[PDB]
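Two separate entries follow, structure 1 and structure 2, each one form of the same protein chain as structure tokens.
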Structure 1
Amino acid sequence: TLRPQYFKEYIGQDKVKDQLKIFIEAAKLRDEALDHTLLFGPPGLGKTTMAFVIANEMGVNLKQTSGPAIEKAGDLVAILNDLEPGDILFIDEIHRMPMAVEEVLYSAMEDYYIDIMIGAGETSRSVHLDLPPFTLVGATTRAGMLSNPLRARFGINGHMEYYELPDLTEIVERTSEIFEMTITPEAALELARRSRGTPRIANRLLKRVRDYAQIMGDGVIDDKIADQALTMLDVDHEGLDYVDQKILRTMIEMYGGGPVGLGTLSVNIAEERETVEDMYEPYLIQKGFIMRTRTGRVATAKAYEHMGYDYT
């Protein structure tokens, strides 16, 4: 597989990687299970990969499932019963399961036992089941989406974040050897700068640039070739996609920078309003190209000069 197997191989995330090393080894000295851990952050940063690294460092076999895969308490209780001391359970999209399940997860996490109440009408009894010690790992895209009482049970937080140019260049250079591709240290930097911090975007661009170099060139990805290929893919030198450029161009030419409402903008370009606000605005906001106001979105001065228009 392309994903790393140990912290020595895992590139980037120095903060998260440094913290987990201390917490993992401290648990070994006491010969006890690691505390419940929550990983969160933008998609594609390596959350799923990190879960396997933790299990390998602990020396346990990982168990994996997902939010939509669990639908009734019997599902979770069955999975929990089939555990061995120290087993690690990974639940992706932990925030999407039904609340009827959360009612049981609380005591499982905190008490390591469940007590199934049973009876009808006046009758009421319960049976308690012991659970072997386990470590839960959850992952989400946002921290606040998680249930407030559930979030309080996670004793370790892991905030993932975008990679920097040095780390992405090391990733780009490595992957190229798997394809038997010759890439210069300069070309690998251009692709890195334009991948906007996401490892799978860089890998997806590299696969596409390879095809161009094998036809419009001599199979060597040069700086001169990568620049021609990236303009053929319609990827801006700031990493703006085809749709990203369409949004900014429309605001400047048709509305003088706004303000403009989401409904008007989403109808001018043939897009669904749920797409614009979820996929594209988050990047343009963090990078400072668009700002939100009660009257609508506005194109900042930075955006005006990048697109190449005379500012007011």
Structure 2
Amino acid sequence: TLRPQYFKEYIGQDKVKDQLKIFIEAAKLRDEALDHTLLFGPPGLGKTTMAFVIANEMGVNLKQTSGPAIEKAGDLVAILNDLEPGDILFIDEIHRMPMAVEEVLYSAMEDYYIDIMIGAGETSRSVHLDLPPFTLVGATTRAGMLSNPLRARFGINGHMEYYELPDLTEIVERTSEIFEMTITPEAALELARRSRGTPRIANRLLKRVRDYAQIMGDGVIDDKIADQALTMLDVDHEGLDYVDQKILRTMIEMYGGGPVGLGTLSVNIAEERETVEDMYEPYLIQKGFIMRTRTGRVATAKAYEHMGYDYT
């Protein structure tokens, strides 16, 4: 299967993985439910994949839903009240729940009970509905969008980190065995170093290289085919796309490296201001090719030697 199922198969995330192991083992010695867990961090690092692994290691059934599908308290109350002892409730994109619904979970998470209105007219009554022990697991990209009293109730916090070349190369090799393809250890490293640190991007590059190898090649991925395929996609050995290279080149040849404003640079590449700041500039800054200053953007020494100019 494409998604790992146990901690043996889950590569990387040593900090989060090592922590979860200790908490799972201690919970089993006490024969009690696991504490509530919140998983957050950048897109595509394995948040959803981890939520399933947690259920398998605990050996219990996993019930799944999503924030967008819950629209009113009546819906949530119907998901609850159907839970059995030790069940795990997983909610993806939990930040989309209406704030009027989040405030129902406040009592459920701390005391395992909820308030309900029942009856009609003079017969109406309010009673406590008592829930069995359970573990709520949430995954989100926008943790700052949750209410302050809700974040305070999660007992375990997992913040995901980017991967490194050794771990990504192993992921590429594993995926290359789900498909029925041979890949030379040198070719795998060449794709891993261009995947910007993210497993989803590594899998995407492999799929595209495969289509080439079986149309313009003999059906095997080797050092010769990888170089040709990556040249067609036009991805630099640092992962810089065609437009990424054009940005750095223009800063060096017309503005002498800057400083230059975002408006001035956008017009010279025919790109609109809102795409440059949200798609291309973020990775260039995080990798040290560009520096932001009060005067404008400036190219670093690292950018000069990568493009081949002289740092005069």
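By convention here, residues take numbers in order along the sequence of structure 1, the first being 1. By rigid core we mean the largest C-alpha set that fits within 1.5 Å across both forms.
Only one of 247, 39, 54, 45 has its Cα shifted by 2 Å or more between structures 1 and 2 after fitting on the core, and that residue is 247. Relative to the larger rigid part, the smaller one turns by 13 degrees between structures 1 and 2, according to C-alpha superpositions. In the core-aligned comparison between structures 1 and 2, the Cα atom of residue 238 sits 1.8 Å away from its counterpart.
For residue 134, the Cα deviation between structures 1 and 2 after core superposition amounts to 0.6 Å. Per-residue C-alpha deviation between structures 1 and 2, core superposed: residue 117, 4.8 Å.
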